[PDB]
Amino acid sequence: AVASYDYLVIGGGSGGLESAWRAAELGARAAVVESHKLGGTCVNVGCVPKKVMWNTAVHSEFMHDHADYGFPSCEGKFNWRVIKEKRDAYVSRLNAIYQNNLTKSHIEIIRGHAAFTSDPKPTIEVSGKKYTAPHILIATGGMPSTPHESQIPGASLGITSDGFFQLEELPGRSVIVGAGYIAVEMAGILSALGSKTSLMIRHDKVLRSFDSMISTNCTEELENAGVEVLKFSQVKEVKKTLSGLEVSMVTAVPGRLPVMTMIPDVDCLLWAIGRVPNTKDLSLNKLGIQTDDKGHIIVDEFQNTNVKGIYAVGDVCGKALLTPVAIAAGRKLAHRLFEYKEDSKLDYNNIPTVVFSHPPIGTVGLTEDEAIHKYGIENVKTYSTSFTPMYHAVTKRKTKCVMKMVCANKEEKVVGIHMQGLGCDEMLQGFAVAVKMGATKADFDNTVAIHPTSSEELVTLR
């Protein structure tokens, strides 16, 4: 029967747990329905297991500069199993920590699958057991999208990021299909570690929604790293040969004639084409809750759905798909609800983001074209530099560091910082803080530099 609480959170991922923590910490009676493992996508099959795999690739990369630094080289041969077993243990330790905090904060964990009922007042049922609350948050997140046989015959022969983390040996030949961050990172980890990789993109470059400098630089650094970027190409079908897979792909460079080619002996085919929300089995239809054509839950600036007492945050909304954003919104909400801060909402402007490619990308703000459109070419001035990290001053293998700064108006307010280079992963957080206080280039320029670093380049751009 309906057990009542002050807050019912559906899904124990990033947004979910943060909302429940802050909420209870403000005196509420929360419970967290979760059908699988706490932590959600991020911890089990995302941010965490990705970062470890990346570090591993970073080790692979630098093995290349060993002799250069005076040390003897190493015979090579990465063992995937060893690092996988560990990566996995780590994730378990994290899970144990998560349950611990939840219980330590007195938050129930209704285990199982939640779905709204055919009751007048918002109510959900988990195993014939119904629970209701004056405030219910849907934080079910999303999932990897795979193409159906109904369009790409043999599409179901390939894997997704989820099956990537399930992989137990280093694939011989990998084919990534997708041109966004997840694709790029998978492309780069797999390649660094030894697999022959082809990244299949429908256009000429990657991370197309990122500033032109970033997508342009990133496509190059990828190519220079041993990755094959198959431009203007898609898969028509996949067949399970005896050797491996046979990717029949259509490559149609605009201005030429289309040309089909088979990719044989493929060990792995990763679909990194998108993320579809987790909303169908919630019975959103039972309450007449608004979704878009793609299943995402439509919410307002304050995470409100169209139904009173029901909110949604994170991936499931289809906006700014990142652990920190789900957390930031789940937190702002618990405060708005249980602390009565009517204006407690997350600002989706100037959200910082790091893409763990090689070298790592960092970005916060408007791309130059996003500024030119919002301000006008007369009001947008960019500053940029392209240099080689001194780490490479003694190595044969090189990478670059390109940093761009989009300034707007007379005072030259920094509206966008984009870079890619070594250390760009830890370099970003602070400038992201500065970009949020409304810093102008002079604020950056009246900051005594730190020498010798790559960061100082941003405060001496001229």
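One-based numbering along the sequence shown.
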Look up the CA B-factors in the entry and say which stretch, 202-210 or 313-321, has the higher mean.
-> 202-210
Residue range whose averaged C-alpha B-factor is higher in the record, 250-258 or 371-379 | 371-379
Residue, from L137, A155, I109, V229, that the PDB entry assigns the highest Cα B-factor | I109
Considering only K239, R173, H148, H335, which residue's Cα atom bears the greatest B-factor as recorded?
-> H148
Entry-reported C-alpha B-factor of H64 relative to its chain, by third, is highest
Lowest, middle or highest third of the chain for the C-alpha temperature factor of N409?
-> highest
B-factor third for the C-alpha atom of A57 within its chain | lowest
Would you mind ranking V433 by its C-alpha B-factor against the rest of the chain and naming the third, lowest, middle or highest?
-> middle
Lowest, middle or highest third of the chain for the C-alpha temperature factor of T460?
-> highest
